[PDB]
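The structure file structure.txt is reproduced below (compact mmCIF, N, CA and C atoms).
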```
# COMPACT_ATOMS: atom_id res chain seq x y z
N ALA Q 441 9.80 -25.50 -23.91
CA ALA Q 441 11.14 -25.15 -23.48
C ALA Q 441 11.13 -24.73 -22.02
N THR Q 442 12.33 -24.52 -21.48
CA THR Q 442 12.53 -24.15 -20.09
C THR Q 442 13.52 -23.00 -20.01
N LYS Q 443 13.43 -22.24 -18.93
CA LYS Q 443 14.36 -21.13 -18.71
C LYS Q 443 14.49 -20.87 -17.22
N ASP Q 444 15.72 -20.74 -16.74
CA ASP Q 444 15.95 -20.45 -15.33
C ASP Q 444 15.98 -18.94 -15.09
N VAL Q 445 15.21 -18.50 -14.11
CA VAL Q 445 15.17 -17.12 -13.66
C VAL Q 445 15.91 -17.06 -12.33
N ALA Q 446 16.92 -16.21 -12.26
CA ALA Q 446 17.76 -16.07 -11.08
C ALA Q 446 17.73 -14.63 -10.60
N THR Q 447 17.71 -14.46 -9.28
CA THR Q 447 17.57 -13.15 -8.68
C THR Q 447 18.84 -12.33 -8.84
N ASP Q 448 18.68 -11.02 -8.74
CA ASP Q 448 19.80 -10.10 -8.67
C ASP Q 448 19.80 -9.30 -7.37
N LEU Q 449 18.81 -9.51 -6.51
CA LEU Q 449 18.76 -8.91 -5.19
C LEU Q 449 18.87 -10.00 -4.14
N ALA Q 450 19.75 -9.78 -3.16
CA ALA Q 450 19.93 -10.71 -2.06
C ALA Q 450 18.94 -10.37 -0.95
N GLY Q 451 18.16 -11.36 -0.52
CA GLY Q 451 17.18 -11.10 0.52
C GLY Q 451 16.24 -12.27 0.71
N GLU Q 452 15.12 -11.98 1.35
CA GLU Q 452 14.17 -13.03 1.72
C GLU Q 452 13.10 -13.17 0.65
N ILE Q 453 12.85 -14.40 0.25
CA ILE Q 453 11.78 -14.70 -0.70
C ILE Q 453 10.43 -14.65 0.00
N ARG Q 454 9.42 -14.14 -0.70
CA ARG Q 454 8.07 -14.04 -0.16
C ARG Q 454 7.09 -14.37 -1.26
N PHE Q 455 6.33 -15.44 -1.09
CA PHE Q 455 5.35 -15.78 -2.11
C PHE Q 455 4.24 -14.75 -2.13
N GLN Q 456 3.55 -14.65 -3.26
CA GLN Q 456 2.32 -13.88 -3.34
C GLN Q 456 1.41 -14.61 -4.32
N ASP Q 457 0.38 -15.25 -3.79
CA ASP Q 457 -0.62 -16.04 -4.51
C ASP Q 457 -0.05 -17.31 -5.12
N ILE Q 458 1.23 -17.58 -4.95
CA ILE Q 458 1.84 -18.78 -5.52
C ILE Q 458 1.42 -19.97 -4.68
N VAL Q 459 0.90 -21.00 -5.34
CA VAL Q 459 0.47 -22.20 -4.62
C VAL Q 459 1.34 -23.36 -5.09
N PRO Q 460 2.43 -23.64 -4.38
CA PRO Q 460 3.26 -24.79 -4.74
C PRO Q 460 2.57 -26.10 -4.44
N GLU Q 461 2.80 -27.07 -5.31
CA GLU Q 461 2.33 -28.44 -5.14
C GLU Q 461 3.54 -29.36 -5.19
N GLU Q 462 3.65 -30.24 -4.20
CA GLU Q 462 4.78 -31.15 -4.12
C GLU Q 462 4.51 -32.37 -4.98
N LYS Q 463 5.34 -32.59 -5.99
CA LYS Q 463 5.30 -33.80 -6.79
C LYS Q 463 6.55 -34.61 -6.48
N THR Q 464 6.35 -35.79 -5.90
CA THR Q 464 7.43 -36.62 -5.41
C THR Q 464 7.89 -37.58 -6.50
N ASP Q 465 9.13 -37.43 -6.94
CA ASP Q 465 9.71 -38.36 -7.89
C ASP Q 465 9.90 -39.72 -7.21
N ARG Q 466 10.02 -40.76 -8.04
CA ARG Q 466 10.11 -42.12 -7.50
C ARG Q 466 11.33 -42.30 -6.60
N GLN Q 467 12.35 -41.46 -6.73
CA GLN Q 467 13.48 -41.47 -5.82
C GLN Q 467 13.26 -40.60 -4.59
N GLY Q 468 12.10 -39.96 -4.46
CA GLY Q 468 11.87 -39.06 -3.35
C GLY Q 468 12.16 -37.60 -3.63
N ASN Q 469 12.41 -37.23 -4.89
CA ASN Q 469 12.72 -35.85 -5.24
C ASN Q 469 11.43 -35.04 -5.24
N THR Q 470 11.23 -34.26 -4.18
CA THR Q 470 10.06 -33.40 -4.02
C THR Q 470 10.24 -32.13 -4.84
N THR Q 471 9.61 -32.09 -6.01
CA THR Q 471 9.69 -30.93 -6.89
C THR Q 471 8.47 -30.05 -6.64
N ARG Q 472 8.70 -28.78 -6.33
CA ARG Q 472 7.61 -27.85 -6.06
C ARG Q 472 7.21 -27.18 -7.37
N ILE Q 473 6.00 -27.48 -7.82
CA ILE Q 473 5.43 -26.92 -9.03
C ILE Q 473 4.26 -26.04 -8.62
N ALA Q 474 4.22 -24.82 -9.15
CA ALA Q 474 3.20 -23.87 -8.75
C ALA Q 474 1.91 -24.17 -9.50
N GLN Q 475 0.84 -24.45 -8.76
CA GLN Q 475 -0.47 -24.62 -9.38
C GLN Q 475 -1.09 -23.29 -9.75
N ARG Q 476 -0.87 -22.26 -8.93
CA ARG Q 476 -1.43 -20.94 -9.16
C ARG Q 476 -0.29 -19.99 -9.52
N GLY Q 477 -0.35 -19.43 -10.72
CA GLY Q 477 0.68 -18.51 -11.18
C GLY Q 477 0.57 -17.16 -10.48
N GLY Q 478 1.60 -16.78 -9.74
CA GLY Q 478 1.59 -15.56 -8.96
C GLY Q 478 2.90 -14.80 -9.03
N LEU Q 479 3.29 -14.19 -7.92
CA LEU Q 479 4.52 -13.43 -7.85
C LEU Q 479 5.42 -14.05 -6.79
N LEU Q 480 6.72 -14.00 -7.04
CA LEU Q 480 7.73 -14.33 -6.05
C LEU Q 480 8.48 -13.05 -5.74
N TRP Q 481 8.14 -12.40 -4.63
CA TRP Q 481 8.85 -11.19 -4.29
C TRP Q 481 10.17 -11.55 -3.64
N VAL Q 482 11.15 -10.67 -3.79
CA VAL Q 482 12.38 -10.70 -3.02
C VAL Q 482 12.41 -9.42 -2.21
N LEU Q 483 12.43 -9.56 -0.89
CA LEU Q 483 12.58 -8.42 0.00
C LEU Q 483 14.07 -8.24 0.27
N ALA Q 484 14.60 -7.09 -0.12
CA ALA Q 484 16.03 -6.88 -0.15
C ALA Q 484 16.62 -6.89 1.25
N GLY Q 485 17.90 -7.23 1.32
CA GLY Q 485 18.59 -7.29 2.59
C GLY Q 485 20.03 -7.70 2.37
N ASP Q 486 20.68 -8.07 3.47
CA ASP Q 486 22.03 -8.61 3.44
C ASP Q 486 21.95 -10.04 3.96
N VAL Q 487 22.26 -11.01 3.11
CA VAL Q 487 22.13 -12.42 3.47
C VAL Q 487 23.50 -12.92 3.88
N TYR Q 488 23.58 -13.47 5.09
CA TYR Q 488 24.79 -14.04 5.65
C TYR Q 488 24.71 -15.56 5.62
N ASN Q 489 25.81 -16.19 5.22
CA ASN Q 489 25.92 -17.65 5.18
C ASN Q 489 26.62 -18.15 6.44
```
Rewritten as structure tokens:
Amino acid sequence: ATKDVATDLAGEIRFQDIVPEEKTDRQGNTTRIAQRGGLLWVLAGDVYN
């Protein structure tokens, strides 16, 4: 199964030990899959669009 995890703090993402690997779909869809399971920190802030 699958489950989406969505943040509740607005800010900058910072990897920690996460090693993304780019898997390119035949249409060019570069999906980032983590080879090394780590942490995705969110450093809080005010994000402006």
Item to check | Residues near residue 484 in chain Q, cut-off 8 Å, only C-alpha atoms, skip fewer than 2 positions along chain, as JSON, numbers by chain | outcome: {"Q": [449, 450, 451, 452, 482, 486]}
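Counting from atom C of residue 475 in chain Q, the distance to atom N of residue 444 in chain Q is 18.4 Å.
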Item to check | Å distance separating atom N of residue 474 in chain Q from CA of residue 487 in chain Q, one decimal place | outcome: 25.2 Å
For range 448-453 of chain Q, I'd like the enclosing box, axis-aligned and padded by 5 Å on every side, reported as AutoDock Vina command-line options with centre and edge lengths in Å to one decimal.
```
--center_x 15.2 --center_y -11.8 --center_z -3.5 --size_x 19.5 --size_y 15.8 --size_z 20.5
```
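Atom pair CA of residue 485 in chain Q / CA of residue 472 in chain Q: separated by 24.9 Å.
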Next on the checklist: Measuring between all atoms listed in the file, which one of Q:442, Q:453, Q:465, Q:458 shows the shortest distance to residue 477 in chain Q?
Outcome noted: Q:458
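Among the candidates Q:469, Q:441, Q:446, Q:454, the one nearest to residue 481 in chain Q when counting all atoms listed in the file is Q:454.
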Next on the checklist: Restricting the calculation to all atoms listed in the file: of Q:488, Q:445, Q:471, Q:476, which residue gets closest to residue 459 in chain Q?
Outcome noted: Q:476
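If you measure from each of Q:466, Q:443, Q:448, Q:457 to residue 479 in chain Q using only N, CA and C atoms, the closest one turns out to be Q:457.
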Next on the checklist: Give me, as an MDAnalysis selection string, the residues of chain Q that a backbone DSSP run labels strand (DSSP E or B).
Outcome noted: chainID Q and resid 451:456 459:464 470:476 479:484
Reconstructed range 468-485 of chain Q, atom set N, CA, C and O atoms, as an mmCIF file, in the frame of the given file:
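Contents of out07.cif, as written:
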```
data_model
loop_
_atom_site.group_PDB
_atom_site.id
_atom_site.type_symbol
_atom_site.label_atom_id
_atom_site.label_comp_id
_atom_site.auth_asym_id
_atom_site.auth_seq_id
_atom_site.Cartn_x
_atom_site.Cartn_y
_atom_site.Cartn_z
ATOM 1 N N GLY Q 468 12.100 -39.960 -4.460
ATOM 2 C CA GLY Q 468 11.870 -39.060 -3.350
ATOM 3 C C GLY Q 468 12.160 -37.600 -3.630
ATOM 4 O O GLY Q 468 12.163 -36.798 -2.690
ATOM 5 N N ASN Q 469 12.410 -37.230 -4.890
ATOM 6 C CA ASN Q 469 12.720 -35.850 -5.240
ATOM 7 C C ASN Q 469 11.430 -35.040 -5.240
ATOM 8 O O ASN Q 469 10.622 -35.123 -6.172
ATOM 9 N N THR Q 470 11.230 -34.260 -4.180
ATOM 10 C CA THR Q 470 10.060 -33.400 -4.020
ATOM 11 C C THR Q 470 10.240 -32.130 -4.840
ATOM 12 O O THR Q 470 10.937 -31.204 -4.425
ATOM 13 N N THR Q 471 9.610 -32.090 -6.010
ATOM 14 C CA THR Q 471 9.690 -30.930 -6.890
ATOM 15 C C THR Q 471 8.470 -30.050 -6.640
ATOM 16 O O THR Q 471 7.329 -30.530 -6.727
ATOM 17 N N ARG Q 472 8.700 -28.780 -6.330
ATOM 18 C CA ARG Q 472 7.610 -27.850 -6.060
ATOM 19 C C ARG Q 472 7.210 -27.180 -7.370
ATOM 20 O O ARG Q 472 7.989 -26.425 -7.958
ATOM 21 N N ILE Q 473 6.000 -27.480 -7.820
ATOM 22 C CA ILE Q 473 5.430 -26.920 -9.030
ATOM 23 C C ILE Q 473 4.260 -26.040 -8.620
ATOM 24 O O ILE Q 473 3.402 -26.464 -7.845
ATOM 25 N N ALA Q 474 4.220 -24.820 -9.150
ATOM 26 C CA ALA Q 474 3.200 -23.870 -8.750
ATOM 27 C C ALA Q 474 1.910 -24.170 -9.500
ATOM 28 O O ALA Q 474 1.885 -24.157 -10.736
ATOM 29 N N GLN Q 475 0.840 -24.450 -8.760
ATOM 30 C CA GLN Q 475 -0.470 -24.620 -9.380
ATOM 31 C C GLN Q 475 -1.090 -23.290 -9.750
ATOM 32 O O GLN Q 475 -1.771 -23.176 -10.768
ATOM 33 N N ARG Q 476 -0.870 -22.260 -8.930
ATOM 34 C CA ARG Q 476 -1.430 -20.940 -9.160
ATOM 35 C C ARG Q 476 -0.290 -19.990 -9.520
ATOM 36 O O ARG Q 476 0.629 -19.785 -8.722
ATOM 37 N N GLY Q 477 -0.350 -19.430 -10.720
ATOM 38 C CA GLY Q 477 0.680 -18.510 -11.180
ATOM 39 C C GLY Q 477 0.570 -17.160 -10.480
ATOM 40 O O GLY Q 477 -0.456 -16.470 -10.618
ATOM 41 N N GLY Q 478 1.600 -16.780 -9.740
ATOM 42 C CA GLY Q 478 1.590 -15.560 -8.960
ATOM 43 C C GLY Q 478 2.900 -14.800 -9.030
ATOM 44 O O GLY Q 478 3.536 -14.749 -10.084
ATOM 45 N N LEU Q 479 3.290 -14.190 -7.920
ATOM 46 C CA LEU Q 479 4.520 -13.430 -7.850
ATOM 47 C C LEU Q 479 5.420 -14.050 -6.790
ATOM 48 O O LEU Q 479 4.952 -14.575 -5.781
ATOM 49 N N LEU Q 480 6.720 -14.000 -7.040
ATOM 50 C CA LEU Q 480 7.730 -14.330 -6.050
ATOM 51 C C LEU Q 480 8.480 -13.050 -5.740
ATOM 52 O O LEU Q 480 9.293 -12.588 -6.553
ATOM 53 N N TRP Q 481 8.140 -12.400 -4.630
ATOM 54 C CA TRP Q 481 8.850 -11.190 -4.290
ATOM 55 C C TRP Q 481 10.170 -11.550 -3.640
ATOM 56 O O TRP Q 481 10.310 -12.599 -3.001
ATOM 57 N N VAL Q 482 11.150 -10.670 -3.790
ATOM 58 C CA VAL Q 482 12.380 -10.700 -3.020
ATOM 59 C C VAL Q 482 12.410 -9.420 -2.210
ATOM 60 O O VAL Q 482 12.413 -8.324 -2.779
ATOM 61 N N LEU Q 483 12.430 -9.560 -0.890
ATOM 62 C CA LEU Q 483 12.580 -8.420 0.000
ATOM 63 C C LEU Q 483 14.070 -8.240 0.270
ATOM 64 O O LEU Q 483 14.717 -9.144 0.817
ATOM 65 N N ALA Q 484 14.600 -7.090 -0.120
ATOM 66 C CA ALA Q 484 16.030 -6.880 -0.150
ATOM 67 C C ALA Q 484 16.620 -6.890 1.250
ATOM 68 O O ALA Q 484 15.951 -6.594 2.243
ATOM 69 N N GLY Q 485 17.900 -7.230 1.320
ATOM 70 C CA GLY Q 485 18.590 -7.290 2.590
ATOM 71 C C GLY Q 485 20.030 -7.700 2.370
ATOM 72 O O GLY Q 485 20.542 -7.688 1.252
#
```
